[PDB]
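Experimental structure and sequence below.
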Amino acid sequence: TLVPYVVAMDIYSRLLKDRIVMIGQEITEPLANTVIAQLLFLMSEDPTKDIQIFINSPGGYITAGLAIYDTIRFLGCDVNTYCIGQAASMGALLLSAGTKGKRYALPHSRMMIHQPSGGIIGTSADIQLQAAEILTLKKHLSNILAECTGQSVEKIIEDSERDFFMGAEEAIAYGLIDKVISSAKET
Amino acid sequence: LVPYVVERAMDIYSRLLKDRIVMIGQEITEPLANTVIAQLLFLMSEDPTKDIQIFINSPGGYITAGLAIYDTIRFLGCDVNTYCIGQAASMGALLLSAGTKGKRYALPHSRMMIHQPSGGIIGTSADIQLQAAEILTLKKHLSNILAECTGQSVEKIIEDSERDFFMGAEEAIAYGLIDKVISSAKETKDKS
Amino acid sequence: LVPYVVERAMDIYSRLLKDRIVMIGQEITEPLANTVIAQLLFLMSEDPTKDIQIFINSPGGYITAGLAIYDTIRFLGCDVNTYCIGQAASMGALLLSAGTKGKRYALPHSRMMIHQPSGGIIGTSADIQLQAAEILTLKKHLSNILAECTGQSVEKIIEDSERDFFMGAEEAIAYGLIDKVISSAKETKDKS
Amino acid sequence: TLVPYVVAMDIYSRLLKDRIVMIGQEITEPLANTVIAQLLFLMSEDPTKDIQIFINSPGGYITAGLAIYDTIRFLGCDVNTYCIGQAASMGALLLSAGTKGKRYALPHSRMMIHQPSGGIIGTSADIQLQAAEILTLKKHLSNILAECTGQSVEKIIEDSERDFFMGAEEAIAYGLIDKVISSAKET
Amino acid sequence: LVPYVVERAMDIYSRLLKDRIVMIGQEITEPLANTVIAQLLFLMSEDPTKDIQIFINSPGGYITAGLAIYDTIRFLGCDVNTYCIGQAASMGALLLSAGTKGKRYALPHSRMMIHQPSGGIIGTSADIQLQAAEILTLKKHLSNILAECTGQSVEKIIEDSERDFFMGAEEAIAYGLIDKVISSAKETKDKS
Amino acid sequence: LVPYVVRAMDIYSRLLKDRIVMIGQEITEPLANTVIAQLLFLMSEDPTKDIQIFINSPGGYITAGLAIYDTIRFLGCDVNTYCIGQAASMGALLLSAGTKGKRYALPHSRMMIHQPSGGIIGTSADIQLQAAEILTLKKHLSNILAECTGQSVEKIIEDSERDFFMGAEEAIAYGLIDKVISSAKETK
Amino acid sequence: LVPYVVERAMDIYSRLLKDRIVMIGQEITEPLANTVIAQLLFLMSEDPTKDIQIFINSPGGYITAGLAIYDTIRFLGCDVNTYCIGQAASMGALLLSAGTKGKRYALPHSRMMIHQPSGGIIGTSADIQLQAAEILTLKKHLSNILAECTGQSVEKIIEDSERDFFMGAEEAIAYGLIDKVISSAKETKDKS
Amino acid sequence: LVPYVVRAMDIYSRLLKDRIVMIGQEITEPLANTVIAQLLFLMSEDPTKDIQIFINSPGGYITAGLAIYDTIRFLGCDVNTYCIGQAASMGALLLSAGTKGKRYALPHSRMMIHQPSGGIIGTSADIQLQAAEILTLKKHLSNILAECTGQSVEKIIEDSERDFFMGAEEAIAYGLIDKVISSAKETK
Amino acid sequence: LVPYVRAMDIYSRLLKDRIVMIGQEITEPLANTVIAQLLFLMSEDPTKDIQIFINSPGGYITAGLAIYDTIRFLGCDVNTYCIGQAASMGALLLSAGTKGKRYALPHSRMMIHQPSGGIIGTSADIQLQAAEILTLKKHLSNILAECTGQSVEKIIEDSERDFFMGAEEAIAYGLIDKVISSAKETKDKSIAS
Amino acid sequence: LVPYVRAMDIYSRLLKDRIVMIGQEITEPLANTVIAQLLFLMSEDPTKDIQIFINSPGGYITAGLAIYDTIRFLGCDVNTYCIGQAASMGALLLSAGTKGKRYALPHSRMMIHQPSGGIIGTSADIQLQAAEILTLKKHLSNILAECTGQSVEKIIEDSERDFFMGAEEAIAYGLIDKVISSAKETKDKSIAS
C-alpha cells in the first residue's frame, strides 16, 4: 500500500498539520509511541486548539492503551474522537476518552469493549506479565472505562467478558460515544 | 515502479490527488482503507465544495474496510464521481455504486460483481476476529447499503450476491450499480 | 520428541492406539481431523464392540473439522469415553460432550469453554471459503449439537457461546458438558 | 500433525489394507497421482471386491478430478463413497462418481457443486490453460456431473455458478448421493 | 538501475513522462496497469489534446490489466503513438495495435505475437482468481478488440491467438497490427 | 502422504513390483533418471515380460524426454502406455513411444504435442544451450514424433507450434495412441 | 543427538521409558505435555502398580501444560519418584513437588525456583491466548497446588512466586518442595 | 508510519528541536548510542536550558543503561524525566536519574526496578560477560539506584529480586519519582 | 554505495555528460533503463554525440536486440568504449557504435560467444519456441556480420567458440576501431602517446 | 553422515561398549542426551566402567553442572579422555573422572576459562539474575578446586585467564592424570611405549 504525498510530506503529516491524528491499526507499543509523539507535538504547537483523532483499530495491548489514554488526559485542549470502521478493545477505550460531547461514530461503525486474548502488555507478542500486574492493569482498564462511559465497574467487567459489537446507537446508549454523524464534524 | 511529477516533487498518485483524484486499484484491505480515508479527509479539508473523482480497479476486499470507506464517502458534503476501470468486485462494486447518482461511470469493457469471490469471511485478516452475530450484522449492513445504492431489494441483493458472475457496463446500468458508460473525457451516453 | 515402544516398533501414540486410545492434544484442524477420523475408522474395523477412549487437550479448532470428527464419533457403534485433560475449548468441548452419556470425564483442574476464543471464522484456513448462508448453517449445526449433547436449549447455548470464559469440572458437570470428575484410574465420584 | 502407525505401516496404509482410500485434502496433481496409485494397487490385489473412498475435500483442480474420475470408472468393482465433513468442487464430483446406491453422506456433511476460482488445472498454482481447453474441461465436468446426478447440463452449469452448500438431504434430492447414514456402512 | 535528471529532480521515467512518453517494458500486471493508467490520466489532465508516446517492450500480461489500459487509451481524446521495441506479445501486442491508425511503429528487429505464451488463465490476482465464464468472456473481448484494431476477422484472430509464433515488422504491417517500420524517426514529424 | 503396502515399501514400489511405472509429474532430469532406473531394473528382473507406464505429465524437457525415450526403445519387452489425465509435450512423446497397439488413453484424457513454454533444454529452469543444439534437439523430437504418430515431420512442426489439446478419439486418429479404454478388460 | 539401543531398536529415551523412566528436560510446552501424558498413560496401561521415575531439568513452562501433567500424575495409582537434576523452575518445581512424599530427590548442585521467570502469561497457544480471568484462575490453582505439595500456606506461596531467586537442595528440603538430597542412589532401595 | 513536520523532519526530530528526547523501547546498545547522540547535541546547542526525556521502556541492558546514565549526569543542564506508560529495569534507572524535583509520572504509570529476565550485559541477546564483571555492573546499578531513590543498597537488591510494579504514589514514596502529573501545568 | 554530486548520483552526472554506463548482464530491466537513457539523450539534443561505456559479461538476445535497435534509431554518433570485458550482447552493443568511434582499453576482453546457457531471454520464465530461436540467432548473426564486416558464416562459426580476444584482435576482427591508452582517441601504435 | 553398524549408528555401538561421546558445545539438549546415556549405562550395569570421550569447545554452567552431578551420581568408575580440546565445561567434565583414569591425547588442549560470553545457560533466552550468577560460579569454582586439587582462589584467578594448557600442563594442574600416546593407559614418559 503506497502512501501519497502533499505539497513535501506524506498524507498523515498533512492531516497532522490540520491537528488530525489517525489511529487505524492495532494498538502496539511503537504505535503508542508515535501517537504520544504526535500528541506532544500538537500540544507544543498550540495547547488550546482542539485535536481530532480518527480511530479504526481492531484492538491492542492494555499497556499501550493506558499510555495513550494518560497522554490524552494530560492535554489541556479538547479531543474530538471519531470511530470510523471499528473500535475494539483499546480502540474503544481511546474513543470514550475524548472530551464529553465530542465523541462521534459513523453510521455503520462497530464498537466492542471485549479484550483480545493476548491484549495484556504486548512488549513482544503479549508475554511479559505476572499475576498482581494482570489484576492491576485490568482494574485500571475497568475503572477508566467505567469513568468514561458512566457504567459501573461491574457492568464494564461483565461486558468486557462478552464478545459482541455495538452499533453507533447502542454505543450512545452505553455511554461510549455522544453522537452519530453522517456529515462533517459537529454537523 | 513509482513515477514522479514536479510541475515540488511528488509521485503520480499525489499529483492526481492534487487534482482531487483518488485511486483504488488493489484489494480493499485495512491499510488500503486507512490511506483512502486519509486522502478523502484531506480532500475535504482542502475544499469541501469541489467534486472528488475515485477510480476503482479493485479485485475485492473486506467489508470492515469497505464499510469504513463507504461511511467516509457518505461523510463528505461534496459530489463523488466513481469510475470503474477494469474490474469492480465485492467492496469495489460497493464503493462504485456509492458515488452520487448520475456520476457513477464505467469504461466499456469493465466488469462488475457484487459477489465476494472467495473467503466470504471479511474482517481484519492480520488477526481475523469475527463471529455469528457479527457476521450477520456486517453482511446485513452490506446488503442494505447495496440495496439503497442500486435500488434493488435486499432479497434480490442477497440472492444475487450468492452467485459468482460478472456484469458488463450495460448490465451494471440496468442493475443500478452505475449510471453511464464513458468512451471519452466528455461524459458519453449511457446504456451502450 | 517422539518416544517409541516395542512391547514391532511404533511411537507412543500408536501404542495407545493399540489400546484403543485416541489423542487429540492440539488445535482441531483439517489434517488433525483427518488423522483422527482415520484412527476412529481403524478402531471400528478392528473391533466394533470394545470401547474407545479419547483424551482431549485442545485449544480450539474449526467447526468443519470438529463436525467431521463429531459425525465420525456418532458413526461408531461402540461406546466412546471422552476425557478432558488440561483444556477443552470450542471444538474440544464439542467432542468432549459428544462422548456417550456417563462416560465423559474431566481431570480436577481441567478448564472447558464453549466459546471460540477468537477468529470465530471457522473453515479450512489454507483457503478459507465461507459465506453468510454457510456461516449461519455451520453455527446452527454447532449450536444444535451442543444443545443435544449438554441438555441446554439452543438459545442458552448461543448466548453462552458469545461469552469468553472457562468452566471448571464441577461447572462443566452442571452445564451438561461432562458427567464425572476422575482422580484415579477407577472412575472417581462426580461433582467434586 | 503426527501420523500414527499400526502393527509396521501408517494408519492410511492399514486402512488401504482394508481397501479404504482417504481423500481429505484439496484435489491437486500429486494427490491425484497418489489416489490413482492406490486405486490401481487395489485393482491388482483383487479387482472384484468393493473399495471405500472417504472424502473431506474443500475443492481442487478439474484436471486432477477428471484423472481420478476416469480411474474410478476404469475399475470393474463397486466404489462406495462417503462424504465426511465437506465435499466441494472435485470432492463432490468424486462423491457422485461412486456406484449408484453406494454414495453416502454423514448427517452434518456439506456438499457444493461450485468451483473454486483457480480450479481449472493447477499444474502449478492454477495457471497453464487456453480458451478452447477451458471450454472443453468445463464441458467435461458439466457432462460428468449431469450424468452422475441425473440433472441436466443446464441445471449443473447454473448451480455450479452459485456459491452455496447442500445438506445431506438436499444432496439426496439433487442426485449427488443416495443415503444418509448415522451408522456403519449400509446401516 | 534508477538514473536521475535534475533539469528539484526526478528519475529517468518521470523525465520521459515530462516529455509525454510512457514506458511499458515489463509483464502487464495489475500494479503495472494501475501506474500506466495513472500516467495516462495525468497526461490527459495536463493537456488532453497533445499526443502521447507509448513505448512497448512487454513479454505478455493479463487480460484484465491489458483491457484496463486499452479502455484508458480509448478514453483519451488525443492521438496515441505506439512503438514496439524488442517484443510485443499477448497484451503487449494489444496495446501496440491500440494506437491511433498511422501512428503504430515497430523497430526493424521487433517481434510481435498475439498468442499468450505459457497458458493464459488471466487473473485479477497475480495467481489468478477467475471462473470459467469470466475467462471465456474476457477472451471473447480480447478477440473482438484485436479484430477491430487489426482489421482481421474474429475467426482469424482466434485461430492466430492459438498459434505460438512471432511476426517480424513486415508481417505485422501486413497483419494490421502496426502501420510503419522506422529505423530513425522517419515518419510523422519525428515526435519522439 | 505416501501410503505403504505389506516386505515393506511405498505404493509406487508395489506397483513397480507389478511392473508398473508411474510418470505423473513434469519430465525433469531427476525424474528421467528415476524412470530410467526403474526401466533398467524391470529389464534385469525379466526382459521378456511387459511393462506398464501410466503417464500424467504436464510437460517436461527435451533432454529428459529423449533419455527416457531411448531407454524405452532400448528395452526388448513390450511397453504398454496409458494416458490418465493429461499428456503434454514430452508426456505425449512417451505416450506415443509405447509399442504400437499397446497405447491407451482414458475417456476424458487430453493430449498435446505442443510444449506450452520455454522449449528449452531445461537442465533445471536455467538453460545450457546453443543454436545448433536447440535445432538438433528439436529435429530429433520432430523425427521421433513423426515416426511414432505417422504424421509428416512438417505436420508435427506445425502442430507443435499450436497450443491445443486433443481428445482420445482425435489422438487415435492422429496416431498418438491406439485405443480409448473405459475398463481394464479392453487391454490386450 | 539421538542415540539408539538394540537390546528391533528404539532411541535412548524409549529405552529409559522401558525402564519406567520419563524425562522432562526442556520447557514445559503443550506438545511436551502431551508426550509426557502419553508416556504416563502408557506406563499405567502396562502396569498401574509399579513405580515411575520422572527426571526433571526444566527451566519453566506454561501453567496449562504443567497442570495437565500434574493432574495426570495425580491420576496414577502408583508411586511417582521425582528427581531434580540441574534446575527445576516454575512448572518444573511444580512437577518436582508432585511426586509421592518421601520420593522427591534433588542432586547436590540442583537449583529450584517456584517463581516463573521472564513474566508468566501462561498460554494455551505458544504465543498465549488467554483472558485475564483465566490467567488469574490458573495462577490461583498453581498457588493452591504448590501449597498442598510443599505444606506452606497459599500466602507464602504467592509471596515466594513473586520472588526471582533459586533455592539449593537444602533450602528446598526445608521448604517442603523435596524430601532428600542424593549423591549416589542413597535412599529407598536405589530404584533408578 | 513515522509522521513529518514542516525544514522537513520526522516527529521525533521536531520534538528534539523542542529539546525533547523519546525513549520508548528496550534500552539496547544502538538505542543508547542514539540517545547519547541526542543528549550531546542538546548540550552543544544550549548547555543551560532544560531537556525533557519521556520514558516508556520495558527494560534494557545494564551497559546501555549505564552509558545513558553517565551521559545524563554528564550534562550541566536540568533533566526532566517523565514516565509515560511503563518504566522497568533500566527504564526506571533513567527515570530516577533526572534532576530531583523534575521526575514525573503519569497517573496510570507502572514502574519496576526488577529486570524481568536474563540480567545479562546483553550486547545483543548473546552475552559477553564474566563473574567479576557481572558483579561489578550489578554493584554499580545498585549503588546508582540507592543514590537516586534514597533507599539502602540492601533494599535495592532485595526489591530488584522481586518481580512487581509500583504505582505513581508508591513510586513517589520510594524515591523513584517526585510527583504524578495529570496536566502539563503541574510541571515546574 | 553509489556517490552523489543540484543533487544527482554519479551515473546521473555522467548522463548529463551524455555518458551511458552498461556494467551488468544485459537483462530485460537493464535494457529498459538503457533505452530510457538513450531516448532521453535523444530528446535533449539529437545531434550531439553519446558515450556508452560497456563492461558487460553477457546477456539475453531480446534485451540486446532492443538496445541495438534503439542505438541505430538515434541520429547522433555513438562512441562505444569497452572497459573490462564485453561478451555476447556486450560485444554486440560495442560493435554497434559509429564506425571509427569504437574503442577498447588496452587490457579489455571481447567475446562474441554466449557463454553458459544462452537463449533469447525473458529472465526466470524463459519463453522460447523452435522458430524463435532460429529467428533471434539469425538476427544476432546478421547484425554482428554487418557491424564487424565478417561474413555471417564466419560469425556463426566463431560464436560457437568460447574464447576471448584482446583489443588488437578485436580491431582485426572488426569488433572495434581503436585502442585508447593513457589518452583520448589514440590507438595502440603509441605514435601519439 | 553418521555411519551404521542388528542395526545401530556408530554412537549407539560405542554406547554398547559403554562409551559416551561429548563432541559439541555443552548445551541443554546435549546435557539431556548425555544424562540419558549415563542413566541407561547405570541401569544396564552399575559396576562396570564407563568411557567418556570429550572434544568440547565450551558450554553453559547449568548443563555442565547437571552432567557433573549425574557423573558423581554413578557408582561405577568413569574414565574420561580429552581428544582435541576440552574448554570450560569440557575441562570440568574431564576433571570429573575417577582419580587415575583421566587421560588426554598428546596434542590435546585444555582451558578452564569460559571463552566469549559466559553465563549460566538456557540458550537463546538467557534467564540469569544477580544472586544466581554468583551461586553457579561458586559451584563451578568449588567443583574445579575439588577435582583438580587447586585452591578455589587459584581456580577463580586462572579461570579469569584466556589460555590453553597442553597435556603435561594439565597433569601438573590436576586436571588430568596421564597422557596416553600410541597405546593404552601409558603416560608420556614413554618408558612403556
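In hand now; what should we look at? Residues are numbered from 1 along each chain as shown, chains lettered A, B, ... in the order given.

what's the angle from the longest helix along chain A to helix G:132-150?
Scanning chain A for the helix with the most residues, using DSSP state H, yields helix A:131-149. Here the directions of helix A:131-149 and helix G:132-150 differ by 160 degrees (axes from the mean of the first three to the mean of the last three CA atoms, to 10 degrees).

and the next element down the chain from helix A:131-149?
Counting by DSSP states H and E, the element after helix A:131-149 in chain order, helix or strand, is helix A:153-160.

elements contacting that next one?
helix A:131-149 (3 or more CB pairs under 8 Å, 6 or more residues apart in numbering or on different chains; DSSP states H and E). The C-beta positions use only the backbone N, C-alpha and C, and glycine is treated the same way.

All the helices of chain A, residue numbers only.
Using DSSP H, helices in chain A cover A:11-17, A:29-45, A:62-74, A:90-96, A:131-149, A:153-160, A:168-174.

Please identify the most buried of those helices.
Per-stretch averages of neighbours, counted by mean count of other CB atoms under 10 Å in any protein chain shown, single out helix A:90-96 among the helices of chain A, with a mean of 28.

can I have that one written out in CSV, keeping just the CAs?
Provided in CSV are the C-alpha atoms of helix A:90-96 (Å, rounded to 0.1, in the frame of the first residue of the first chain):
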residue,chain,number,x,y,z
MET,A,90,-8.1,-0.2,23.3
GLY,A,91,-9.7,1.5,20.3
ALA,A,92,-13.0,1.8,22.3
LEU,A,93,-11.0,3.0,25.3
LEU,A,94,-9.4,5.8,23.4
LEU,A,95,-12.8,6.6,21.7
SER,A,96,-14.5,7.1,25.0
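
Number of residues surrounding the residue in chain A that chain G sits nearest to?
Of all residues in chain A, residue A:128 sits closest to chain G, at 3.5 Å by CB to the nearest CB. Residues lying near residue A:128 (other CB atoms under 10 Å in any protein chain shown) number 23.

Pull up the gap between it and residue I:164, please.
63 Å (CB to CB, to the nearest Å).

show me what contacts the residue of chain A closest to chain G?
Neighbour list for residue A:128: A:121, G:118-119, G:121, H:58, H:116 [criterion: CB atoms under 8 Å, 6 or more residues apart in numbering or on different chains].

residues touching the residue lying closest to residue A:100 once chain neighbours are set aside, list them.
Nearest non-adjacent residue to residue A:100, counting by CB to CB, 6 or more residues apart in numbering or on different chains: residue A:178, 6.8 Å away. Taking CB under 8 Å, 6+ apart as the contact definition, residue A:178 lies against A:100-104, A:172.

Quickly name whichever of these is closest to chain B.
Using CB to the nearest CB, the contacts of residue A:178 come closest to chain B at residue A:104, 10.2 Å.

Quickly check: stretch A:39-51 near chain H or not.
Yes: Stretch A:39-51 lies within reach of chain H by CB under 8 Å from any CB of the partner chain, at A:40-41, A:43-44, A:47.

From what I see, residue A:121 and residue A:65 are in contact.
No: applying CB atoms under 8 Å, one finds residue A:121 not in contact with residue A:65, separated by 10.7 Å.

List the strands paired with the strand ranked longest in chain A, with their directions.
Longest strand in chain A by number of residues (criterion: DSSP state E): strand A:79-88. Taking DSSP bridges as the criterion, strand A:79-88 sits next to strand A:51-57 (parallel), strand A:103-105 (parallel), strand A:110-112 (parallel) in its sheet.

Could you export the ones you listed as TSV, including mean neighbour count?
Putting those into TSV (neighbours: other CB atoms under 10 Å in any protein chain shown) gives the following:
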stretch	mean neighbour count
strand A:51-57	24
strand A:103-105	25
strand A:110-112	24
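
Next, the contact list for the most centrally placed residue in chain A, please.
Centroid-nearest residue in chain A, with CA atoms, centre = their mean: residue A:94, separated by 2.2 Å. Contact analysis of residue A:94 by CB under 8 Å, 6+ apart lists A:23, A:27, A:53, A:55, A:57, A:65, A:68-69, A:72, A:81, A:87.

Enumerate every residue touching the nearest residue to residue A:14 once chain neighbours are set aside.
Ranked by CB to CB, 6+ apart and with sequence neighbours excluded, the top spatial neighbour of residue A:14 is residue A:6, at 4.4 Å. Neighbour list for residue A:6: A:13-14, B:10, B:14, B:17-18, B:42 [criterion: CB under 8 Å, 6+ apart].

Need the max-distance pair from the residues you listed.
A:13 and B:18 (15.7 Å; CB to CB).

From chain D, how far off is the residue in chain A that chain E sits nearest to?
Nearest residue of chain A to chain E, counting by CB to the nearest CB: residue A:2, 9.5 Å away. Per CB to the nearest CB, to the nearest Å, residue A:2 is found 26 Å from chain D.

and that residue, what are its phi and psi?
Here is the backbone geometry of residue A:2 (degrees, to the nearest 10): phi -80, psi 150.

burial measure for it, as a count.
Going by other CB under 10 Å, the residues that sit close to residue A:2 add up to 16.

how close does it sit to chain C?
In terms of CB to the nearest CB, residue A:2 sits 27 Å off from chain C.

if we take the residues of stretch A:39-51 next to chain H, which one ends up nearest to chain I?
residue A:41 (28.6 Å).

ok, that closest one - contacts?
A:16, H:5, H:11, H:14-15.

With residue A:115 instead?
A:59, A:62, A:89, A:141, A:160, G:131-132.

And residue A:11, by the same measure?
A:3-5, B:35, B:38-39, B:42.

and if we set it to 10 Å?
Applying CB atoms under 10 Å, 6 or more residues apart in numbering or on different chains, we find residue A:11 in contact with A:3-5, A:22, B:14, B:17, B:34-35, B:37-39, B:41-42, H:3.

And residue A:16, by the same measure?
Contacts of residue A:16 (CB under 10 Å, 6+ apart): A:9-10, A:22, A:38, A:41-42, A:45, A:51-52, H:3-6, H:11.

Quick one: neighbours of whatever residue of chain A ends up closest to chain I, just the number.
Going by CB to the nearest CB, chain I is nearest to residue A:8 of chain A, at 14.7 Å. By other CB under 10 Å, the residues close to residue A:8 number 13.

Same question for residue A:129.
Residue A:129, neighbours per other CB under 10 Å, totals 24.

ok, it touching residue A:63?
Yes: here residue A:129 lies in contact with residue A:63, judged by CB atoms under 10 Å, at a distance of 8.9 Å.

shared neighbours of the two, anything?
In contact with both residue A:129 and residue A:63: A:120-123, A:137, using CB under 10 Å, 6+ apart.

So what's the residue count around residue A:107?
Residue A:107 has 17 neighbouring residues, counting by other CB under 10 Å.

what sits against it?
By CB under 10 Å, 6+ apart, the contact list for residue A:107 reads A:167-169, A:180-182, B:67, B:70-71, B:74-75, B:141, B:145.

can you do 8 Å?
Here residue A:107 is in contact with A:168, A:180, A:182, B:71, B:74 (CB under 8 Å, 6+ apart).

again with residue A:20
Per CB under 8 Å, 6+ apart, neighbours of residue A:20: A:51-54, B:41.

ditto for residue A:73
A:97, H:107, H:182.

What of residue A:47?
By CB under 8 Å, 6+ apart, the contact list for residue A:47 reads A:75-77, H:184.

Enumerate the residues of chain A near chain B.
So chain A meets chain B at A:1-8, A:11-12, A:14-15, A:18, A:20, A:22, A:24-26, A:54, A:56, A:58-59, A:84-86, A:88, A:106-110, A:116, A:163-165, A:167, A:181-184 (CB under 8 Å from any CB).

and those residues, which are buried?
Buried members of the residues of chain A next to chain B, scored by 16 or more other CB atoms under 10 Å in any protein chain shown, are A:2-6, A:11-12, A:14-15, A:20, A:22, A:24-26, A:54, A:56, A:58-59, A:84-86, A:88, A:106-110, A:116, A:163-165, A:167, A:181.
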